[PDB]
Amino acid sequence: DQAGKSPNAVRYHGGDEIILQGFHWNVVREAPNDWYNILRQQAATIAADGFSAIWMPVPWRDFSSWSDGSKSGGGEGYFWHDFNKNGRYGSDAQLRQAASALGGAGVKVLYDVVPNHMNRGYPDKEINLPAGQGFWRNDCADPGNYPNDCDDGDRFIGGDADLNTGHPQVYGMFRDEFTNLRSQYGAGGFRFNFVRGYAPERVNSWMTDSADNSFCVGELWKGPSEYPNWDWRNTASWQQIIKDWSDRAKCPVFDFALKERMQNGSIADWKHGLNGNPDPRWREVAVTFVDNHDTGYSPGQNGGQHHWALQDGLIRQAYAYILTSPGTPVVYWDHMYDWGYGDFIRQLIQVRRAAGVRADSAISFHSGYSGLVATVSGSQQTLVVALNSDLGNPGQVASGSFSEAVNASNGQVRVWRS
């Protein structure tokens, strides 16, 4: 496991990670207080499957609850009240055991952290920040969903639970928790939630202070149309928006550019995500995914959130693409362990590793065939990927001797190695 910073000092940890998203939306409902036991028991399996890191749920206890019609939720971690680890996923003791098992098996543990807001109204919590001291966004005049003097980012819905992450004392509080997670809970890095809610630069500061050499990823989900009309971003590509955040936070960013193309474009257009960018400084910072707990379905209740879910007919194609291309891929718990795509994903992980494909590997797209046809220059081997294509043989598009590595869904998914 190579472990440096990119040529632009972005914390991609060598550019060779393969991450497993360690949970789905309904875990606290389906395996109440048992999740960490489940991960401890699966640790060896996860490690054997080929994952170098696991994205853990928010460790901070969440006893929130909400409901609007048919839809209900809470306790998943995004509306935590204090840093106590005895939450709905399991106890502090179980977390430590879980993190120890994962780490023991060579899997780095990445924690999901929510610095933007907290469950302000929770009657029994260990963290109580009073009003009138500048700890909250609403300690200042709050016009709309725009930075105010108490919060240099967007607000979460109403903004009444938004923290002034820039307040010396709030910053310091998060800083200390990140260091704790690293020193007693075996953190190898963090997944930053709702990155639109506070300054990119603050993420860099936090990383510098607590885990400079760790892996980090930011969740920036905000389209061009969400920026003000006078902002350059209102007319920029999804790629430029996430790339800009990454340059400032010095952390890799979720490829929402690729996700938007998977949802709205044709398969041939998948070449427009950040990870397909001809400049390695651009594609190496992309953190690719097919679905997550927000965008995809989850076993259980209401099918989870499914805010921007990939149709089942493209799941295999979607995984074939992210596992064989540049950037850093993320595999969704469910596709891997619930829905039966596990064997298929296992195969591709092996292909990725044997070819020596990494964050900055070169990718070329071929224009003369239907579907998506790409040539990937791994450090060990060259890959020819043809998805929903009429391509006849790898030799039509690449020089060399190729063997078939993957052939699934009636040739809709084909991968060849040199």
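Residues carry their position along the shown sequence, with the first being 1.
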property: Given 183 to 191 and 69 to 77, the range whose Cα B-factors average higher in the PDB entry; result: 69 to 77
property: Per the entry, higher mean C-alpha B factor between 104 to 112 and 329 to 337; result: 104 to 112
property: Selection by C-alpha B-factor (highest) of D231, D291, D244, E177; result: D231
property: Identity of residue with top Cα B-factor, from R120, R261, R316, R202; result: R120
property: For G342, the third of its chain into which the C-alpha B factor falls; result: middle
property: Ranked C-alpha temperature factor of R196 among modelled chain residues, by third; result: lowest
property: Third of chain Cα B-factors occupied by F254; result: lowest
property: Third of the chain's Cα B-factor distribution that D16 belongs to, per the entry; result: middle
property: Cα B factor band for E284 (lowest, middle or highest third within the chain); result: lowest
